[PDB]
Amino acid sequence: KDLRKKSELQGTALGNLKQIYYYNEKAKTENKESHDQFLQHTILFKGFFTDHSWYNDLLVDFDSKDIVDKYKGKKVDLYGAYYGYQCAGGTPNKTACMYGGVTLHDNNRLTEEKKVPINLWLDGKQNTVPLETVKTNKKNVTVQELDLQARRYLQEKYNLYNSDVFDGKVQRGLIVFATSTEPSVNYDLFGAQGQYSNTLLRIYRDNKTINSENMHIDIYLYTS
């Protein structure tokens, strides 16, 4: 208990979360490099997009200058949710923003696609979840990549970010990313801050990375 209640979220926020985890498209590219910055806690990827009608460039925000230095210049893979609202730094009017979602490319490939085990409870009762639901090709994966996939299943299966009206029964929820080599990382499914992207997605800014090898996800849902 002590997770945020769905009712504590204001108007637009709920809709924007559903926009984020169900409707919007995600960025996903392999082998990209750049030493281009805007602000010292950022890395600017010019020409990131090449078939997207609106956007051209991509500005990734990080926690600090230190973290930037780690990927700056290196060959990286990108996987995350981006937005255009209140976003600038690159090609004027054609830049998209994104928090984290960057891992080092070289030596992070897995011979085979890893399917991440999901244990799910609804008011205590266990519910079986298909294994192809969440998967990755990285030894080291950002929590964001796994998180985006898991919440999409939660939307489809449980109408998670829908209004009570449109069959949204879950009122409180918690997602846990468990690993043995380290302490777990868990998110209050209803704890995002703010109403729009730029603020809601700020949770992936730490660019948290966990090892996919022998790891699973725990989800707890409550209709009250």
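Numbering starts at 1 and runs along the sequence shown.
- Stretch comparison (152 to 160 versus 175 to 183) by mean CA B-factor in the PDB entry places 175 to 183 on top.
- Of the two segments examined, 209 to 217 and 12 to 20, it is 209 to 217 that shows the higher average Cα temperature factor in the deposited entry.
- As recorded in the entry, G89 carries the highest CA temperature factor of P117, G73, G89, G80.
- You'll see in the entry that, of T111, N140, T133, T95, the Cα B factor peaks at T111.
- In this PDB entry, the Cα temperature factor of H41 sits in the bottom third of its chain's modelled residues, the lowest group.
- Per the PDB record, residue ranking by Cα B-factor puts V68 in the middle third of the chain.
- The PDB entry assigns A27 a C-alpha temperature factor belonging to the middle third of its chain's modelled residues.
- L104: CA B factor lies in the highest third for its chain, per the PDB record.
- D123 sits in the highest third of its chain by CA B factor, as recorded in the PDB entry.
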